Amino acid sequence: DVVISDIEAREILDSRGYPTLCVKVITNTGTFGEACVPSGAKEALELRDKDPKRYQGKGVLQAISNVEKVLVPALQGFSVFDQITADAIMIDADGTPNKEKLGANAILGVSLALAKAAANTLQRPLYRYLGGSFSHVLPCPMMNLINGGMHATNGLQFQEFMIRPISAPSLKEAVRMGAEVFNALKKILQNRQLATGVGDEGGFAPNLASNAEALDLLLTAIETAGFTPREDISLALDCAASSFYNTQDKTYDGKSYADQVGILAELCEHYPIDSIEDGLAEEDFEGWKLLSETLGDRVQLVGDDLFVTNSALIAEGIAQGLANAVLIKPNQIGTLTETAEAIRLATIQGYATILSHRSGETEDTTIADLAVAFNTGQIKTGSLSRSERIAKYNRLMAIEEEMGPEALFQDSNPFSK
Amino acid sequence: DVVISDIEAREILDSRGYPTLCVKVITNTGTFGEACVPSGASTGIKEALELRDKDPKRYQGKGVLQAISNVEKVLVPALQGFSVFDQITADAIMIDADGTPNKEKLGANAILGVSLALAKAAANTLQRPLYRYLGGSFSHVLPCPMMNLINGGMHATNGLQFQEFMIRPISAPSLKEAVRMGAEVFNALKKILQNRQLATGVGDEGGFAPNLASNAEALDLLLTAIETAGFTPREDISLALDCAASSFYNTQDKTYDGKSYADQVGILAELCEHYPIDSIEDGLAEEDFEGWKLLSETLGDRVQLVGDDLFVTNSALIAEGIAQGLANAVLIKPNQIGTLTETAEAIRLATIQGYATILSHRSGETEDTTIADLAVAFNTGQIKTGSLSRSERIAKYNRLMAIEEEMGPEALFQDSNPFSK
Ligand SMILES: [Mg+2]
Ligand SMILES: [Mg+2]
């Protein structure tokens, strides 16, 4: 039997230039797996050094030390294949709900590198090791193209405007459709002398005046690339509505939650939007109730800040009838075991799940494997530039090819266009 | 003995959203290596030529399914049965199979993909680090990076004539400290731009293209960024330029935006007196040989002078430049020549003539990190692989840091700029 023998960790930079860690788990046979940990811009504790003379306080040398001095003794000798056991051991070694003692980034690095070490030991694909023999669904992506809100200096209230290449027969064709719309948009922006520098996700933040102008521009880009909105490519939003919710007044840039729901409803009547993420604030439970009752029969309603990949919040959301899809960000919770339990709890209640990148990503592509492992049918992993995004699409295309006739590209949005 | 058994290739996207290929070389023992290829040139007489499909229905003609087909249908038969370790033999076989000087029949992208993937398969067979397989036991020098921060010319829509403004963290005791220095200056620069209401979206290389009016504004802004991050210009961090002067050279008038080659040299000399610039790339146009000699006579004893478009990683051009005394450092882009064997020979031939060599990224990169291993494999002492955001850039720095850590006491961070201090 193959057991954990050592764990190495080192400090790298993420795609924004800030430190994070990569972790290598090594078995007693000399097999190993390596994974790196992303980071967002309210969740499991990302442990930073706070040394002001180093990376403005964002080093992760202490988390690395926790991997090497705490998790190594806690895990060595245990089977490389007992994923749930290893994750429980780390959760207990930390002892706190939010992983604030050892660092959720230290624990997630080990959690992912361990699964890969086991898969590499069996010489089996990670998605098959994690998801079993019937892992076979390639996800329909939601692809960022235009940014606003807190992610821009334009007049867009909402944070992200995405396309979904819903008519693609394959993931690789979904990628091409996305890339061609991206190229048409880039050229449209150049022709309009609007900014073409890209943001964290690899899409654009031109100076547009309103959510509707952004939606119109994506429609123009779709058609210019030669595709039909609604039939070939639909739209999705991330409002990140907490960003413009006044908790004292209970208003969204002056509007009641009922007004805000009316605004989203009108957009959905006039645009081929089939998914809305965080349309109301994370704690506006009456708003979410009205949003779910008003559009939950017609459009995918995704909780991101509402759920934070957290099984307790998901269960409370489902009991109250809120939303119909869950964003899954493994580092928000900190182990694969808890990520899987979030996915299972949502899926058996009829919710879709969507594997998601973070704004600070790395060259690690685990979330592509996780999306296939759990047959989620959806992923959210960025625009069509910058290799910390593209590498996930490249990994999905490799998975689809490796699976040959077993692959199925299949959107899990219940309400597709 | 371990021989080449199969080669696979597949179509991926580069960091710009355009197609390229990854290649997997598989041995008869089942060991393998994988390598991906960055963006090149499809046309012209300067570089070895990458092969594009040119199908308007697919990725705007930029697919690479023909190159993938050449790997599987042409290179597999030419190479199977040969030893995985005979790197030179394999590269010679591929050069022959294509039959053209610029590799335009099979594609430089197909041939380089196999060339890199084969080296990786061999190193993985031996379970040895790639830089140790390619460069031997005394590969151990970590390169001083030149780190993009501000873009201009054809790579921007601002008032900067020059194309790239870079920093070099020359006082770093290690590559990982060089990375931290760069990242802290990058971050201070980003915050300065935010406070000045200037754009912070990034270009291909992961740096900024703010609306600045002149080269001097950009150079001054880098000085402020360095100091704001807590470092001292000249002593901790120097500056480097890529003028890309061919882009503003009028070939009929023989003028650089109205200036003779002598005037442009005078401009560069004034810049070097007033700023801590220790490296200039393509300061004059690629064929202005009188301009380049004068540049070499005026500054070639004081600052590094890089030929990129002057040399295009081509040994016959490098040899003729050295004979005429032009430049003192050479940019090395492996896909501009198309095999590892020719890359190593370009480096060797430049190096024994006293020229420094600088491994370089391309504007369309991938998550592949081979040029990091190559800079260390050949102990070049310098690399040019982008700004401090976007992981097709960062992954190279991350790989350099992994190499340095892996080497322990064997590692040496050492700048090869002849005008190092
Ligand atoms: Mg979100
Ligand atoms: Mg250049």
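Side chains included, hydrogens not; waters and symmetry mates left out as well; all remaining heavy atoms used. Throughout, a chain's letter reflects where its sequence line sits, starting with A, and its residues are numbered from 1.
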Q. Taking NZ, NE, NH1 and NH2 as the nitrogens, is one of them in B/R16 or B/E392 under 4.0 Å from a carboxylate oxygen of the other?
A. no

Q: Go through the steps for B/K384 and B/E205 under the test side chain to side chain contact (heavy atoms under 4.5 Å, CB included), then give the verdict.
A: CA-CA 10 Å; B/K384 180 173 122 147; B/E205 303 95 332; over 6 Å; no

(Q) Is it true that, when you exclude B/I45 itself, more than 12 heavy atoms of the residues, nucleotides or ligands shown sit nearer than 6.0 Å to its CD1? (A) no

Q | B/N28 side-chain N/O to B/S5 backbone N/O, donor-acceptor pair under 3.5 Å | A | no

Q) Does A/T121 use its side chain to pair, donor to acceptor, with the backbone of A/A117 at less than 3.5 Å? A) yes

Q: Evaluate the side chain to side chain contact (heavy atoms under 4.5 Å, CB included) criterion for residues B/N417 and B/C144: first the C-alpha distance (whole Å), next the side-chain angles of each, then the deciding distance (0.1 Å), finally the verdict.
A: CA-CA 9 Å; B/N417 184 330; B/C144 181; over 6 Å; no

Q.
Tell me whether B/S115 contacts the main-chain N or O of B/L340 through its side chain, where contact means a donor paired with an acceptor under 3.5 Å.
A. yes

Q: Test side-chain hydrogen bond (donor to acceptor under 3.5 Å, both in side chains) on B/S139 and B/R132 and set out the steps.
A: CA-CA 6 Å; B/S139 47; B/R132 286 289 156 92; 3.1 Å; yes

(Q) Closer than 4.0 angstrom, basic N to acidic O: yes or no for B/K176 and B/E405? (A) yes

Q: Ignoring hydrogens and angles, state whether a donor on the side chain of B/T343 or B/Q336 is under 3.5 Å from an acceptor on the partner side chain.
A: no

Q. Judged by atom type as modelled, is there a donor-acceptor pair below 3.5 Å linking the side chain of B/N379 to the main-chain atoms of B/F138?
A. yes

Q. A/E361 and A/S15: side-chain donor and acceptor closer than 3.5 Å?
A. no

Q: Go through the steps for B/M94 and B/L106 under the test side chain to side chain contact (heavy atoms under 4.5 Å, CB included), then give the verdict.
A: CA-CA 9 Å; B/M94 297 194 282; B/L106 300 189; over 6 Å; no

Q: For the pair B/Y355 (side chain) and B/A327 (backbone), establish whether a donor and an acceptor sit closer than 3.5 Å, ignoring hydrogens and angles.
A: yes

Q: Provide the closest heavy-atom pair for A/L130 versus A/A115 in the form atom of the first, atom of the second, distance.
A: CD2-CB, 3.9 Å

**Q.** B/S174 versus B/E177, side-chain donor and acceptor atoms under 3.5 Å
**A.** no

(Q) Is there a side-chain hydrogen bond (donor to acceptor under 3.5 Å, both in side chains) between A/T31 and A/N120? Walk through the geometry before answering. (A) CA-CA 7 Å; A/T31 52; A/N120 293 343; over 6 Å; no

Q | Donor-acceptor contact present, side-chain B/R390 to main-chain B/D204, <3.5 Å | A | yes

Q: With side-chain hydrogen bond (donor to acceptor under 3.5 Å, both in side chains) as the test, would you mind laying out the steps for A/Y127 and A/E402 before giving the verdict?
A: CA-CA 11 Å; A/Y127 54 97; A/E402 177 171 69; 2.8 Å; yes

Q: Indicate yes or no for a side-chain donor-acceptor contact from B/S416 to the backbone of B/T380 under 3.5 Å, with no hydrogens or angles considered.
A: yes

(Q) Can a donor-acceptor pair be found, under 3.5 Å and without considering hydrogens, that links the side chain of B/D1 to the backbone of B/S83? (A) no

Q: Please say which of B/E104, B/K54, B/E50, B/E47 ends up in a side-chain hydrogen bond (donor to acceptor under 3.5 Å, both in side chains) with B/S42.
A: B/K54

Q | Backbone of B/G381 reached by a side-chain donor or acceptor of B/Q414 within 3.5 Å | A | no

**Q.** Candidate pair B/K62 and B/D14, rule salt bridge (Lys or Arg N to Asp or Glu O under 4.0 Å), full reasoning
**A.** CA-CA 11 Å; B/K62 301 309 178 189; B/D14 80 0; over 6 Å; no

Q.
Contact between B/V37 and B/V23 at the side-chain level, heavy atoms closer than 4.5 Å - yes or no?
A. no

Q) B/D368 pairs by salt bridge (charged side-chain N to carboxylate O under 4.0 Å, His left out) with which of B/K120, B/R399, B/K396? A) B/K120

Q: Over all heavy atoms of both residues, which pair between A/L112 and A/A35 is shortest? Give the atoms and the distance, please.
A: CB-CB, 3.5 Å

Q: Would you sort out whether B/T20 and B/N109 count as a side chain to side chain contact (heavy atoms under 4.5 Å, CB included), showing the intermediate values?
A: CA-CA 8 Å; B/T20 191; B/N109 47 344; 5.6 Å; no

Q.
Checking B/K103 against B/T339: is there a side-chain donor and acceptor pair closer than 3.5 Å?
A. no

Q. Is the side chain of B/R10 donor-acceptor paired with the backbone N or O of A/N394 at a distance under 3.5 Å, no angle test?
A. yes

